[PDB]
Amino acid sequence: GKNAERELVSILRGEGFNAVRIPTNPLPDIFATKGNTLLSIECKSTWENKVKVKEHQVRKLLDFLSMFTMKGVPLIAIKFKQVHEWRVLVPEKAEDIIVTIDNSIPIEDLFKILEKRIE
């Protein structure tokens, strides 16, 4: 998963986030900040149209956010290679989630929203 993580970090940095991959278990794949916003990211790349993220993976994203007094947004960021698009889902609670192209949004749509939330 390292190449996809590097690509995502590069995207986030291009978008003005300070983003870093955390070397590899208890921590998110990537975290990124811009202003008072902290993204806690599970990053996945797939040729399938869906990806399963386990409860404990989501929990790790949330626990990481709980460490900081920033406005946290947990994110499952998936490069859905079969549509050549990074899409994201913001987990609302720690549970098993199947992220699909249909229940995710383009990462650029997220960035558009975050631009408003930071503004």
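Throughout, we count residues from 1 along the sequence that is shown.
In the deposited sequence, the stretch from residue 18 to residue 19 has no residues without coordinates, so the chain runs on without a break. Across the two stretches, 52-60 and 70-78, the PDB entry reports the greater mean Cα temperature factor for 52-60. In this entry, the higher average B-factor at the C-alpha atoms falls on 90-98, of the pair 43-51 and 90-98. Ranked by C-alpha B-factor against the other modelled residues of its chain, residue 10 falls in the lowest third.
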